[PDB]
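Take a look at this one chain, the form deposited in one PDB entry, written out in structure tokens.
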């Protein structure tokens, strides 16, 4: 069997890519090692944050061009996937984190004429329910940000990809890739394939396939804890929130949470720590069980600073975050041209907070896998 494009990985990025390749009239195969919709990779959980604001101007331009792609996808599947509950960023305004920097981002919103409300500690505590915040903590609320329905998005992409004619095959793991001048040989535990080009969208497993080709990307994998809490005190407004703080000697000291998912039953909210600590040597080392210390830190912080939730989690789980090792970079997206000979035959999406970009990254990987280039400016994201 041969295809114009073989996509390695059936997570959101691989499915969005396959949908775009197939809709453009090309033959595409998606190979997934486990099952579609699995909760063992970087896409576990029900919600992700959609935001317009970014500290880097190039990424801020990309969120603005991704918004219409989300609207188009919502119309295709007839389901609102983004719920604009608001994006609240607050804390130390100068600390640089993997989420960005508050002060630098506020400057960018002014420049791109994106609206926001500036808030002081007292305002944050009164309107949103936080307590005991250091008096100098400040931040902003960007009203157009919100929550993304993860499972609704995956179902939409899967359905769209299959309807467009993509071949979606689960339970098959790619063990080797060998690009050459005429295409790429793909070996799996089930068989062999030839592809015009291959899109690698395998999350934390990218280096397993790039290593024998003499390449390796500089990213780290973190098994982050996530937990659900019962909302004790009835809500006023409950946006997505991220607390920007200076790190401690033991961890990054960053926390975030969501208001109740508008599509879900009951009154639970999800919160978690954003700790870039204890990276995994290999994703196989993941335990699948929320780290005790991370959980203690999260529940402890919520206990003191967000009394609107009951501090004893109802459920806990994990998610594998894959982030560039270098804090100056946010994403790895492009081809492997500068990493190996014939690398232009390998398109790679390999690290970052990317769920918000799924519609865009799918279109860009599709552009690179079919026509050598894309109209979007992603020069800085090159691997």
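Residue numbers count along the first chain shown, from 1. Basically, rigid core = biggest C-alpha set you can superpose within 1.5 Å across the two forms.
Another form exists, deposited in another entry; not displayed. Remarks below refer to it.
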{"query": "Residue showing a 2 Å-or-more C-alpha displacement between the shown form and the other one once the rigid core is overlaid, selected from 71, 194, 127, 79", "finding": "127"}
{"query": "Core-superposed comparison between the shown form and the other one, residue 216 Cα displacement 2 Å or beyond", "finding": "no"}
{"query": "Per-residue C-alpha change between the shown form and the other one, residue 54, threshold 2 Å, rigid core fit", "finding": "yes"}
{"query": "Did residue 96 shift 2 Å or more between the shown form and the other one, C-alpha, core superposed", "finding": "yes"}
